[PDB]
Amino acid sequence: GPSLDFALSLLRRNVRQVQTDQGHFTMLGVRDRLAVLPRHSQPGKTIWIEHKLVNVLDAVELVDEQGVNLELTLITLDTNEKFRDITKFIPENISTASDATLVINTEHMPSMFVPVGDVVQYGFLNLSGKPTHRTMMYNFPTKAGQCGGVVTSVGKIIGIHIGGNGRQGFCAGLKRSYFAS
């Protein structure tokens, strides 16, 4: 219903099929020329968006006040395009949620809704030797190919998927101030 209406709106206008040397990811266009990707996709000076090559002008890998990885990287793309500003759908603080859907859009998983259920606070997560703070979990056997997916519930954007164990899956908590500047 109104929750997925929003997911469609976001798929169409802000969620992009992307590739880096690290493989396939879902990119969230945030506003203007600013997008986010999970840190592990390691975007270089360039990146493929719907297969066309786009320059990356600047790239920040977000960290704690304590310097811990938050597993997110803001990029500023080289285009004449504005993403419709969806920062007003990102809460001020990392928000847990109920019947969330994970929105994925890559070449292999195009236009994809995954019903991950509730999203609960997790916090510290060490995936493959690499710590992350401010993560949240949903109880769903998430997989390779879904990183960068956008976690939504009730018209809010709360998360970018970043990992899983074959049973649960984990996202990077989104908060609006990250998209400040």
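Note that residue numbering begins at 1 and tracks the sequence as displayed.
Chemist: Which is higher in the entry, the mean Cα B factor of 159-167 or that of 5-13?
Modeler: Going by the record's values, the stretch with the higher mean is 5-13.
Chemist: Tell me which of 36-44 and 62-70 has the higher mean C-alpha B-factor in the deposited entry.
Modeler: Between 62-70 and 36-44, it is 62-70 that shows the higher mean C-alpha B-factor.
Chemist: Per the PDB entry, which option out of 144, 114, 120, 150 has the greatest Cα B factor?
Modeler: Comparing C-alpha B-factors across 144, 114, 120, 150, the maximum falls on 120.
Chemist: Could you place residue 26 in the lowest, middle or highest third of its chain by Cα temperature factor, using the values in the record?
Modeler: Answer is lowest: the recorded C-alpha B-factor places it there.
Chemist: Taking the values exactly as deposited, rank residue 104 by C-alpha B-factor within its chain and report the matching third: lowest, middle or highest.
Modeler: Its C-alpha B-factor belongs to the lowest third of this chain's values.
Chemist: Tell me, lowest, middle or highest third: where does the Cα B factor of residue 124 rank within its chain?
Modeler: Tercile = highest for this residue's CA B-factor.
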